[PDB]
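Student: Please see the structure below; I have some questions.
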Amino acid sequence: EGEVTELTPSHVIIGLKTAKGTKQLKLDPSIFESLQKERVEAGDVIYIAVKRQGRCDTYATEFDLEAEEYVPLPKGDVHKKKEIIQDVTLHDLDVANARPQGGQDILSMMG
Amino acid sequence: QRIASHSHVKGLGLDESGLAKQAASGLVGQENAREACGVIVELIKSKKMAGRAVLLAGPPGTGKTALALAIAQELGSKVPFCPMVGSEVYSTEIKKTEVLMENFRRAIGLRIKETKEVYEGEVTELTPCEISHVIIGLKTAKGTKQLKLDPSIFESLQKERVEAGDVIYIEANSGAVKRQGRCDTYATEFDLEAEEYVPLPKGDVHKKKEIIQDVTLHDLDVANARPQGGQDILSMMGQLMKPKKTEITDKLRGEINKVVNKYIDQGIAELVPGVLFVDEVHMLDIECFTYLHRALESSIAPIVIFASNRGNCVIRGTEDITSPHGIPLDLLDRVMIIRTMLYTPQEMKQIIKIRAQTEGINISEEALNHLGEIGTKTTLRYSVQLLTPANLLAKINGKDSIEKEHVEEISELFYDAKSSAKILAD
Amino acid sequence: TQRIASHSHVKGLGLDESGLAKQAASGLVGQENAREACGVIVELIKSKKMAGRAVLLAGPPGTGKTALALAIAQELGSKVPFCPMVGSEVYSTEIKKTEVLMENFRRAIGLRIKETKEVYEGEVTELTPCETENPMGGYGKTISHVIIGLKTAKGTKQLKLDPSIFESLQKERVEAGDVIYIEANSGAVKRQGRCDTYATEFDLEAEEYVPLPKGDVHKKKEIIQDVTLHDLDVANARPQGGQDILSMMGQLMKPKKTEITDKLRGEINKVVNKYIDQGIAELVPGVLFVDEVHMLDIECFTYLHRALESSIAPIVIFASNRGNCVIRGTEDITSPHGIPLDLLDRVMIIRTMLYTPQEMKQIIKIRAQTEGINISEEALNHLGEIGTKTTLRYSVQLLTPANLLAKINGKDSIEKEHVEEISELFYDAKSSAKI
Amino acid sequence: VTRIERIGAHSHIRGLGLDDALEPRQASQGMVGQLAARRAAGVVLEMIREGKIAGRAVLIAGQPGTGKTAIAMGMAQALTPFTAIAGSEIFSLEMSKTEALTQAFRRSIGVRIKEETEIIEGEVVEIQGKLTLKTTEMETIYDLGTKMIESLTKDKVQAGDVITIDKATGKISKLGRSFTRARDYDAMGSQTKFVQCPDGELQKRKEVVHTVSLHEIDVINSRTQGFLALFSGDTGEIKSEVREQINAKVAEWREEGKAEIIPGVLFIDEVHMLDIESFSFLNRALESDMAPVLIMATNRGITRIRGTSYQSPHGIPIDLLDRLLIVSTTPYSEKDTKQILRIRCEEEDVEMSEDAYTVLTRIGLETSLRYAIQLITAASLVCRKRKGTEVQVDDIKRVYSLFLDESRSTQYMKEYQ
Amino acid sequence: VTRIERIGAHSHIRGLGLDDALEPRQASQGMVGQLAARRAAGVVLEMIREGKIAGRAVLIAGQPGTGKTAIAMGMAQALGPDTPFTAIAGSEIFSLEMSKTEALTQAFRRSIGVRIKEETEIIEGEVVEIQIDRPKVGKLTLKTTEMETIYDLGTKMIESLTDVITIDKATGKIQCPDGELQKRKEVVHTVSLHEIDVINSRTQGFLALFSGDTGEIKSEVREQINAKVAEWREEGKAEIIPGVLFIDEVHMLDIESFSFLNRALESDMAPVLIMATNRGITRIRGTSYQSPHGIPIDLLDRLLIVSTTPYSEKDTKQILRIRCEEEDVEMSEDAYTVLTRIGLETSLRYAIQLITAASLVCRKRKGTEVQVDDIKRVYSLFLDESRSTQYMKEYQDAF
Amino acid sequence: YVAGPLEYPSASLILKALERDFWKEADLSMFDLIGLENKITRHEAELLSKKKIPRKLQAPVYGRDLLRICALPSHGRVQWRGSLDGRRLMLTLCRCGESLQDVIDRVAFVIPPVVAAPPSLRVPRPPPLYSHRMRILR
Ligand SMILES: Nc1ncnc2c1ncn2[C@@H]1O[C@H](COP(=O)(O)OP(=O)(O)O)[C@@H](O)[C@H]1O
Ligand SMILES: Nc1ncnc2c1ncn2[C@@H]1O[C@H](COP(=O)(O)OP(=O)(O)O)[C@@H](O)[C@H]1O
Ligand SMILES: Nc1ncnc2c1ncn2[C@@H]1O[C@H](COP(=O)(O)OP(=O)(O)O)[C@@H](O)[C@H]1O
Ligand SMILES: Nc1ncnc2c1ncn2[C@@H]1O[C@H](COP(=O)(O)OP(=O)(O)O)[C@@H](O)[C@H]1O
């Protein structure tokens, strides 16, 4: 998580900035975002297998009226690992592996 | 070889004069049905008639399916033979009539005579000139030359990721494929590329051979029931229903018949009508019999062999109409009925001996007598089934052949339909 | 190709100004009370005041229930829609019965939608009169108006349009000498193509040159489009525009006729009412003629006697031919006309008596006339006699074959001998019952 | 040489042999007996040819093996769209009985459409911005617009290519170069086949007639048309798209002469198996304007109607029986049986003796006729086995002893397994 | 701790209690009685293992609760892995996406295995942060504890170097591994004729693990695959192995399924069809014909019947003790006698239910060993089928 | 939960189970789908404009080449391409019970559930990967 400072590109060397520090991640091309996901001033949170554009960086003072809404700079470190004790049923895994919806290959999306 | 229930049946057993021998080609007795089979097999080999039907009627365990397999073997693999079952008609994604028509079409085969030649060449010599004209080099183990190709072949080639030192096959009319490496990819010591290599091919640079591909009308129908691929229409994913619901006859099957007749008149194709063996015919519905007695009347219907095990009973789907052989009188007529008779105890013992010889089991004289007695007691199939575990136990006990003790023990161990019903009264 | 159908002589109920019945009732003869009831119900339909009303054309076979049905349909005219349906069509393997019934009800209802659009067209002569920069700000170069010289076949008329449209002009290839399709309110420019006057015979191109517009530059095109409510339902059901709908495998199965009540009712009804009360459309409820109603399952009648309760349901004309018979889908549940006794209470029964032998003769004669073949007095009398003996529909079918036999025999009119020979060559089922 | 179609069950009848005045002959076009039924078939055939009316159905009745299907096939061969189906074909899992029956009805009608368009064709000499199109009798230069320039590149048009372009910028490169094929010694492309240079005027208008059935609803059914025209196609066939669009368009084409309809024939063999739903639907479908002439065949007398416990003549409802002209056949006699057996032997290339013919006729009288029709070829094959030149009584007797008939089969069922 | 394969009804059995000569035992491998049926099961198991004969079928008849399915599960366990054993019920064929006949002929496909051996070369290695991202041939530091090979590779191989770098015939794949980097690994894969489905379409292994595939292409992909796997046989490419198809409660099949099985067992690759039925004289489904076991005679004659006699007091208590050993229950001899009585009276499965409930009650009351009072209170709490039937007099919403 | 893909190990000969010998696949010209590129009028034109046998444009090899190149063009057929081309309101709805609202807002407001545990797609793992299947997939 953190405000995107650089988005220069297969592999994309993205730059996330947070209250703690800045880190240049060597992210894979599979995470390359299709929608707007502005190269700068865009707040993004990613986890390993989809990205979520939380909101725009707190530049509310740059313009008096802008369509984008703003959220504060994330205070947590860029790279963080959290253990989640999720409760699921076996049929969930069954039906998921039956017709998976992950991945990025075009064949998957067409299926 | 995994001996099956009808392995010893390697033929029909007719002599030169046409009469059926007492015991030959794996079959025993049943001279009348064997003569009828040897007549209908010649009818089929004539290739002049169409839609003629046959019915191998008779009590159970009389070898009607054995006679059908004997006919199939005598005909040879050069003509199609479609083993079919009544229950198979009850499809979920295709209507019964359509499944029956597809089986009928499968029962017809045609051989396509064609002389194809290749133009294998070296890629390292690739040197186009003008995109309008291109030249490729030839270097095989027996000769080296060069060819001149239409730029379309060059496009189809560059479409593939060709590389210097690869073996590419170029057909004279259309198509092209790549074979990577010619004893030069492993030489540079570069690691694998998810594919296996191959040395340079032997023979002349230009090869020509006669081709004969046995294809049936159903294959043509299935191929024409799809866009053939190519452009964006090539979209194909899992669950694709290749056996589509139905295919119209006038505008699709008719065109197939027309093109086949044209290519036959041109001498390129040769038709070879097959046989459609529908077992358990009584399982078909009356709405299936009514269409069957009409489809076999067409000028393109092949020879259809039938086999009704059970006798007179209520027809399927009616619940009130009863007809002999479980077939309506409408379809029963016009179908040559071949009655199969029961086997005698001596014939049963001879069939048991033939089965033992084919499957490799060795039985003694008294053992053969006891097994034939157990067979004629309930049915021959019970003895045929007990034959194997008898020799199995013999081997377990250290005996090479089967004796009275082993056959009696295995008969007491297992039980038959008659014995089971006798004890089922409890 | 005239392609005379089975019974096309019927042109209308043929009721007098007073509403009574006559013999020569525009093709249909006899059935005085039935035709009077048909007139009453067609007057009802024309009133367009009541909805969800059903009528039953009960009567023995051969009474011409379908005949009078088509007669009342023609009387209604092509203006109001008329959707004919048979009970067998309700049985669908992809869509449930009740939804097919609702779709048919929607089809029976019509809706005329008008659309007036003020559009300007003609050969363009673009020119921007230079104007002083925005007077509120500083100086420079601006454009306060953009004049377009639309030239039509009748003359020329320059339009001083708003300058903001200049973006649209530059967007499309709007060059001096082409036909543009201007819109009054929207203003969007849609170039039709260059003028044919410049289409030199040596220029190889198509769909690019169009003829000059005929008439004044300013044209107020008024167009009316009549589409049933079911058409709007289907149009709003499936999607359109991108979204990877171009796929073949997973999308070619267009038969998704399954429909929900939320979309059918609710929003569609509201937008229809908005177009009605606003002056953009006019509702036109039609009629749903359902013959062989006895063929429907009880699950169909139980939904019919609930849909007829709705205010939007159109007029339904049931035509049952069978008598007291067990309702389909029920266990030996005998009801009159093969219809549950509960639905018969919601339908007006129009009884149709059997045709008098004189009426049989009249029908045979008028059918022969419609066919265009002359028949002698003796031949017509024999036809009437045989139609009295067996079903009447057998006689009318003996006209064309007898006509052809006569024409092949060298004679024009159908002589008694011809009909006598055809009666032995072809006969009815009553005589065929002798197995 | 063996072909797809060969001698079958109804191939001996080349047509409905009739005179100019519809006087059935004894036996001319392979068909014999059934004089009244033959004259009725000829009358209904003339009615079909006339096309003056619509919605006429004929029921062919008679006992099994009386030549009903034979008369139907003879009428079909003498009759030009023809659609022969059975009661089980309309029964589809993905299409309701009504939908399949409507599809069959619409496919039983033909429609001819005349198309006239301007065509420009000639060998391309060189392009560019402008085309230089050559033909045998002249050559012309054409200026290329943006669309033409784009089509010249999306399709690799080049010198020598015999191009073709009508209006609507619909360019076509039918086949490749003419002379340049020489330097293409070894390999020749799949689509790059060669053609002769065209002649005559460069630009020429060609009038062509397109023959299609009224079942074209499938063409206007979905976004893709050619795909559904091969396999089952679409199953919905919405009533609107069928009636409000196709029928109106055909009527407008008839008015303006763009198209002309030709009503065919719909032969539903073994109609007795149809359900009451199909009969109730037909009751109305036969009332429509564009309704073809319907023909039926049934071997049932007083039997139950499938789908209900009711019984009626021919196993069909009375509502429909009042709409059909019943043409019952008569069982063949000794002379008619012998003559049809003679015709079958002549068609199957089988020669038999007079005593053989007499015995075969006696069998066909004591048993069914198809039994003897099969005994013909069976005894022929037996004689071929014996290498004889003509089939004698011994062969037919041997076959009669080998292959059993319904009667003898049932009589020998005393075993009861 | 808690695994998926928890303690079940047929979990106590872990094999077939036979000697070298297929001689049954009184108590071994969780098997107590059914000596004749156990010997027949062993004989048919050895026959299956031979694999030289094809197209045979067997039927395990007997009253409910007489070890019908226990013998089948014991045979399955004795067969061990490496041999397909398709265990299904008579209700599985009734599928919607596929016809019942197609479902059955596909279940047959799941009962025939084929072993294929692939010889490939796999290289060792370890990830040391090779193939850095954005921040030519490159560099590959291939090294092993036994011997190192520091060399480079082409451009299409440096981008697939990356903890253990197990490079194989593919485009690369992932303490440092020991031994020479070049190592020949012979891997053998066993598939149950998956070629018919694994080569049905594109992206079809998806279907092989989804069953979304509708009725297979009849006589177009099943016969060609059979011919090709036969060509593989006798040429050293592959060899087929016959499995077993167990259809529990086969009486649910209809006349169509029986007629199809009649001829499905007459093919070269026909597996051994073992079946089981509790019903006796019963009408065949779809018809009114009353036949023994609900199976037609034309099929019963094609198979061997295997009867299972009921258990006695000795065998009853021995099976009870075996189940106790399987579970963690312990009781006194008096409790054993009482439970054996209750079982021989009502049923063995109900006796196992009662002993489980008694162990639970004992654990609840802080007891260490179940007693007679525990099982008595259990029987009082949990009623028997026959017991509840007697109380049916209350007329609780009859039909 | 992001569950890992289920590896499906399988033999390599499995993927080569429907491949036929290159010297046995004959040229099947029975494909009637050629009606997507040819017309009936153009079909007739080609038939009426087929080059003759002489074709006056190593000697025996060249003669055989000319013969084989004359044999193939003789094949001509078409089902229909011209007859197909020769023949030919999106109102706003609320999609719910709310009075008036942007459909985008409707869809964006109510999205509680997310997939429980969607994994990636299954991947067969035959240690040998035949060039044919990989090329077709690429
Ligand atoms: N004439 C014969 N000679 C030798 N064996 C025979 C003969 N007829 C039948 N059999 C054997 O008897 C068995 C009967 O099998 P099948 O033909 O299926 O019986 P059905 O007559 O019920 O079809 C076959 O396995 C076959 O091996
Ligand atoms: N009053 C009438 N005048 C003229 N023709 C009639 C009359 N009544 C019935 N017909 C004829 O009867 C035939 C069919 O009648 P129809 O409406 O189908 O009655 P039903 O449906 O009860 O059989 C039509 O072809 C029509 O020509
Ligand atoms: N008049 C006839 N002329 C020629 N062949 C006939 C004649 N009548 C019957 N046949 C022959 O009888 C055979 C079977 O008759 P079929 O048409 O099945 O009777 P049905 O009309 O009851 O179905 C056909 O193969 C046909 O060749
Ligand atoms: N000889 C035996 N040895 C061990 N356990 C047995 C034996 N016979 C039966 N059982 C057990 O007794 C119960 C009998 O049920 P089972 O035979 O599976 O019923 P069915 O076969 O009718 O479904 C099962 O729990 C089984 O494990």
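Residue numbering for chain E follows Swiss-Prot; the residues present correspond to positions 16-150, 157-183, 191-202, 226-450, in that order.
If you check the header, you will see the structure was determined by electron microscopy, 9.4 Å.
Using the three backbone atoms N, Cα and C, a Cβ is placed for every residue, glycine included.
Sequence annotations record features per position, and here Swiss-Prot assigns ATP binding site to E:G77, E:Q78, E:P79, E:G80, E:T81, E:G82, E:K83, E:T84. Look at Swiss-Prot and you will find E:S437 tagged as phosphoserine. If you look up Swiss-Prot, you'll see E:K444 marked as SUMO2 cross-link, on the strength of a large-scale study or a structure entry.
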Student: Which ones in the same chain are close to E:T84 (ATP binding site), with CB under 8 Å and 6+ residues apart in sequence?
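Tutor: The answer is E:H25, E:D299, E:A327.
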Student: Taking DSSP as the reference, which of helix, strand or coil describes E:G77 (ATP binding site)?
Tutor: strand
Student: Does E:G80 (ATP binding site) have same-chain partners at least 6 apart in sequence with Cβ under 8 Å from its own Cβ, and which are they?
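Tutor: Listed in sequence order, they are E:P361, E:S398, E:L399, E:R400.
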Student: Are there any residues at least 6 positions away along the chain from E:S437 (phosphoserine) with a Cβ closer than 8 Å to its Cβ? List them or say none.
Tutor: E:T397
Student: Filter the binding-site residues E:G77, E:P79, E:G80, E:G82, E:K83: retain a residue only if its CB is under 8 A from a CB of chain F. Output in sequence order; output 'none' if empty.
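Tutor: Among the binding-site residues E:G77, E:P79, E:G80, E:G82, E:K83, not one has a Cβ sitting under 8 Å from a Cβ of chain F.
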Student: Going along the chain, which residues six or more apart from E:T81 (ATP binding site) have their CB under 8 A from its CB?
Tutor: E:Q49, E:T359, E:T360, E:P361, E:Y362
Student: On the three-state reduction of DSSP, what should I expect for E:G82 (ATP binding site)?
Tutor: coil
Student: With the cut-off set at 10 Å between Cβ atoms, which of these binding-site residues ends up with the most neighbours? Options: E:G77, E:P79, E:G82.
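Tutor: The largest 10 Å Cβ neighbour count belongs to E:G82.
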Student: So around the ATP site, E:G77, E:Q78, E:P79, E:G80, E:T81, E:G82, E:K83, E:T84 aside, which residues have their CB within 8 A of the centroid of those CB atoms?
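Tutor: Once E:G77, E:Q78, E:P79, E:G80, E:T81, E:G82, E:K83, E:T84 are set aside, the remaining close residues are E:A85, E:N329, E:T359, E:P361.
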Student: Measuring Cα to Cα, how many Å separate the residue listed as 'SUMO2 cross-link' from E:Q78 (ATP binding site)?
Tutor: 27
Student: Within 10 Å of the Cβ of E:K83 (ATP binding site), how many other Cβ atoms can be counted across all chains shown?
Tutor: 21
Student: Based on a Cβ-to-ligand 4 distance below 6 Å, what subset of the recorded positions E:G77, E:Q78, E:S437, E:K444 would you report?
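Tutor: The qualifying recorded positions: none of them.
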Student: Including all protein chains displayed, how many Cβ atoms other than that of E:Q78 (ATP binding site) lie within 10 Å of its Cβ?
Tutor: 13
Student: Would you mind checking how many other C-beta atoms are within 10 angstroms of the C-beta on the residue listed as 'SUMO2 cross-link'?
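Tutor: Other Cβ atoms within 10 Å of the residue listed as 'SUMO2 cross-link': 7.
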